[PDB]
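One file, run-v2.pdb, carrying PDB, C-alpha atoms:
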```pdb
ATOM      1  CA  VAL V   1     199.973 101.213 103.673
ATOM      2  CA  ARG V   2     199.326  97.470 104.005
ATOM      3  CA  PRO V   3     196.417  96.459 106.202
ATOM      4  CA  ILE V   4     196.977  95.664 109.868
ATOM      5  CA  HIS V   5     196.675  91.806 110.225
ATOM      6  CA  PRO V   6     194.678  90.644 113.229
ATOM      7  CA  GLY V   7     197.764  88.740 114.238
ATOM      8  CA  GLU V   8     199.775  91.914 114.531
ATOM      9  CA  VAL V   9     197.184  93.374 116.861
ATOM     10  CA  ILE V  10     197.176  90.221 118.954
ATOM     11  CA  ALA V  11     201.009  90.165 119.198
ATOM     12  CA  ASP V  12     200.961  93.786 120.369
ATOM     13  CA  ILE V  13     198.297  93.021 123.021
ATOM     14  CA  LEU V  14     200.292  90.062 124.341
ATOM     15  CA  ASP V  15     203.400  92.278 124.446
ATOM     16  CA  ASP V  16     201.641  94.940 126.430
ATOM     17  CA  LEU V  17     200.148  92.312 128.819
ATOM     18  CA  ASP V  18     203.444  90.492 129.246
ATOM     19  CA  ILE V  19     201.889  87.134 128.435
ATOM     20  CA  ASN V  20     202.792  84.546 125.873
ATOM     21  CA  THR V  21     200.923  82.805 123.074
ATOM     22  CA  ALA V  22     200.400  79.635 125.160
ATOM     23  CA  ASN V  23     198.900  81.642 128.036
ATOM     24  CA  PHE V  24     196.563  83.425 125.644
ATOM     25  CA  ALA V  25     195.618  80.201 123.818
ATOM     26  CA  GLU V  26     194.701  78.724 127.179
ATOM     27  CA  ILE V  27     192.388  81.677 127.881
ATOM     28  CA  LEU V  28     190.700  81.434 124.504
ATOM     29  CA  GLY V  29     190.385  77.630 124.531
ATOM     30  CA  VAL V  30     192.345  77.053 121.323
ATOM     31  CA  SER V  31     195.794  75.601 120.771
ATOM     32  CA  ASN V  32     199.033  77.547 121.021
ATOM     33  CA  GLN V  33     199.714  76.580 117.420
ATOM     34  CA  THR V  34     196.426  78.095 116.275
ATOM     35  CA  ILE V  35     197.235  81.418 117.995
ATOM     36  CA  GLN V  36     200.765  81.448 116.711
ATOM     37  CA  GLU V  37     199.509  80.841 113.142
ATOM     38  CA  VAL V  38     197.170  83.833 113.441
ATOM     39  CA  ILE V  39     199.992  85.960 114.816
ATOM     40  CA  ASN V  40     202.300  84.908 111.987
ATOM     41  CA  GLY V  41     199.650  85.709 109.383
ATOM     42  CA  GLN V  42     199.412  82.058 108.288
ATOM     43  CA  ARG V  43     195.881  81.531 109.481
ATOM     44  CA  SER V  44     192.815  83.720 109.158
ATOM     45  CA  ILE V  45     190.496  84.695 111.976
ATOM     46  CA  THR V  46     187.466  82.453 111.862
ATOM     47  CA  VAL V  47     184.084  83.442 113.368
ATOM     48  CA  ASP V  48     184.872  81.030 116.217
ATOM     49  CA  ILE V  49     188.248  82.758 116.902
ATOM     50  CA  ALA V  50     186.614  86.212 116.651
ATOM     51  CA  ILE V  51     184.002  85.162 119.220
ATOM     52  CA  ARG V  52     186.657  83.931 121.594
ATOM     53  CA  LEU V  53     188.738  87.095 121.159
ATOM     54  CA  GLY V  54     185.661  89.194 121.632
ATOM     55  CA  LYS V  55     184.756  87.460 124.935
ATOM     56  CA  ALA V  56     188.274  87.245 126.354
ATOM     57  CA  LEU V  57     189.171  90.863 125.569
ATOM     58  CA  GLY V  58     185.694  92.340 125.932
ATOM     59  CA  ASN V  59     185.667  94.026 122.576
ATOM     60  CA  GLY V  60     183.314  91.792 120.633
ATOM     61  CA  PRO V  61     183.867  89.774 117.477
ATOM     62  CA  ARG V  62     183.189  92.339 114.842
ATOM     63  CA  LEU V  63     186.388  94.303 115.461
ATOM     64  CA  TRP V  64     188.314  91.118 114.692
ATOM     65  CA  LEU V  65     186.241  90.041 111.666
ATOM     66  CA  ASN V  66     186.566  93.594 110.272
ATOM     67  CA  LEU V  67     190.357  93.365 110.629
ATOM     68  CA  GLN V  68     190.385  90.066 108.791
ATOM     69  CA  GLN V  69     187.962  91.221 106.036
ATOM     70  CA  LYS V  70     190.199  94.218 105.308
ATOM     71  CA  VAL V  71     193.180  91.933 104.968
ATOM     72  CA  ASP V  72     191.271  89.516 102.738
ATOM     73  CA  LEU V  73     190.196  92.307 100.436
ATOM     74  CA  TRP V  74     193.679  93.810 100.257
ATOM     75  CA  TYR V  75     195.176  90.527  99.192
ATOM     76  CA  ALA V  76     192.349  89.904  96.717
ATOM     77  CA  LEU V  77     192.879  93.342  95.165
ATOM     78  CA  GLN V  78     196.635  92.868  95.098
ATOM     79  CA  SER V  79     196.209  89.558  93.430
ATOM     80  CA  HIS V  80     193.825  90.989  90.882
ATOM     81  CA  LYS V  81     196.207  93.820  90.128
ATOM     82  CA  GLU V  82     199.124  91.465  89.568
ATOM     83  CA  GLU V  83     197.003  89.119  87.482
ATOM     84  CA  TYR V  84     195.836  91.853  85.131
ATOM     85  CA  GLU V  85     199.116  93.684  84.899
ATOM     86  CA  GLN V  86     200.497  90.324  83.790
ATOM     87  CA  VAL V  87     197.805  89.788  81.190
ATOM     88  CA  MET V  88     198.457  93.287  79.884
ATOM     89  CA  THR V  89     202.220  93.084  79.783
ATOM     90  CA  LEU V  90     203.901  92.456  76.440
ATOM     91  CA  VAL V  91     207.167  90.520  76.269
TER      92      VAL V  91
END
```

Translate this file's structure into structure tokens.
Amino acid sequence: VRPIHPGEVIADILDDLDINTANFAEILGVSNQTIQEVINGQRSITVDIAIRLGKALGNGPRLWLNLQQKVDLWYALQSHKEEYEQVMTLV
């Protein structure tokens, strides 16, 4: 059970709305690239992006920041787990 990336939620919204990333980027006032990077999980939601999402969709920024924080923590914990398993592993 990996966390749901904000980008995955966005992609699903755009799919339901039958609009593309460029159309949505235009609405938000950011570049297509920036939206596509979020969708592809290459770029994190910033406060600025959360605010724009919140206004455009009418669901507020916190939903989006919460999504991103959960992702951030999951990757931090994964990383920590790997790091320590490695330290603890004998060759």

Kindly resolve the PyMOL selection byres ((chain V and resi 56) around 12) on the present coordinates and return the residues as a PDB file with C-alpha atoms, keeping the file's coordinate frame.
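In the end it all went to out16.pdb:
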```pdb
ATOM      1  CA  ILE V  10     197.176  90.221 118.954  1.00  0.00           C
ATOM      2  CA  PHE V  24     196.563  83.425 125.644  1.00  0.00           C
ATOM      3  CA  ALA V  25     195.618  80.201 123.818  1.00  0.00           C
ATOM      4  CA  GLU V  26     194.701  78.724 127.179  1.00  0.00           C
ATOM      5  CA  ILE V  27     192.388  81.677 127.881  1.00  0.00           C
ATOM      6  CA  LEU V  28     190.700  81.434 124.504  1.00  0.00           C
ATOM      7  CA  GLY V  29     190.385  77.630 124.531  1.00  0.00           C
ATOM      8  CA  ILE V  49     188.248  82.758 116.902  1.00  0.00           C
ATOM      9  CA  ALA V  50     186.614  86.212 116.651  1.00  0.00           C
ATOM     10  CA  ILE V  51     184.002  85.162 119.220  1.00  0.00           C
ATOM     11  CA  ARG V  52     186.657  83.931 121.594  1.00  0.00           C
ATOM     12  CA  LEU V  53     188.738  87.095 121.159  1.00  0.00           C
ATOM     13  CA  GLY V  54     185.661  89.194 121.632  1.00  0.00           C
ATOM     14  CA  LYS V  55     184.756  87.460 124.935  1.00  0.00           C
ATOM     15  CA  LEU V  57     189.171  90.863 125.569  1.00  0.00           C
ATOM     16  CA  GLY V  58     185.694  92.340 125.932  1.00  0.00           C
ATOM     17  CA  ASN V  59     185.667  94.026 122.576  1.00  0.00           C
ATOM     18  CA  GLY V  60     183.314  91.792 120.633  1.00  0.00           C
ATOM     19  CA  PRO V  61     183.867  89.774 117.477  1.00  0.00           C
TER      20      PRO V  61
END
```

Which of these, V:43, V:31, V:22, V:12, has the shortest distance to residue V:72 once you count all atoms listed in the file?
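Of the candidates, the smallest distance to residue V:72 is held by V:43.
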
A straight line from atom CA of residue V:39 to atom CA of residue V:11 spans 6.2 Å

Note to self: Taking 6 positions as the minimum chain separation for residues in the same chain, which residues sit within 12 Å of stretch 77-91 of chain V when counting only C-alpha atoms? Answer as a ChimeraX atom specification.
What the structure shows: /V:2-3,70-71

Expected axis-aligned box over every listed atom of stretch 64-77 of chain V, 4 Å added per side, centre plus edges in Å to one decimal, as lines of an AutoDock Vina configuration file:
```
center_x = 190.7
center_y = 91.9
center_z = 104.9
size_x = 16.9
size_y = 12.7
size_z = 27.5
```

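Proximity to residue V:40 was assessed for V:15, V:1, V:7, V:74 counting only C-alpha atoms; the smallest distance is recorded for V:7.
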
*Could you state the separation of atom CA of residue V:65 and atom CA of residue V:44 in Å, given to one decimal place?*
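Value for the atom CA of residue V:65-atom CA of residue V:44 distance: 9.5 Å.
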
* To do: Work out how far atom CA of residue V:16 is from atom CA of residue V:68, in Å to one decimal.
  =>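 We find that atom CA of residue V:68 and atom CA of residue V:16 lie 21.5 Å from each other.
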
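Remark: for residue V:35, the closest of the candidate residues V:6, V:63, V:76, V:21 is V:21 (distances computed over all atoms listed in the file).
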
- Item | Nearest to residue V:20 by atom-to-atom distance, counting only C-alpha atoms, from V:67, V:48, V:32, V:8 |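 Ranking V:67, V:48, V:32, V:8 by distance to residue V:20, first place goes to V:32.
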
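Here the question is which of V:45, V:14, V:30, V:38 gets nearest to residue V:66 using all atoms listed in the file, and that residue is V:45.
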
Give the answer as one residue: which of V:13, V:69, V:75, V:5 has the shortest atom-to-atom distance to residue V:37, using only C-alpha atoms?
->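 Closest to residue V:37, using only C-alpha atoms: V:5.
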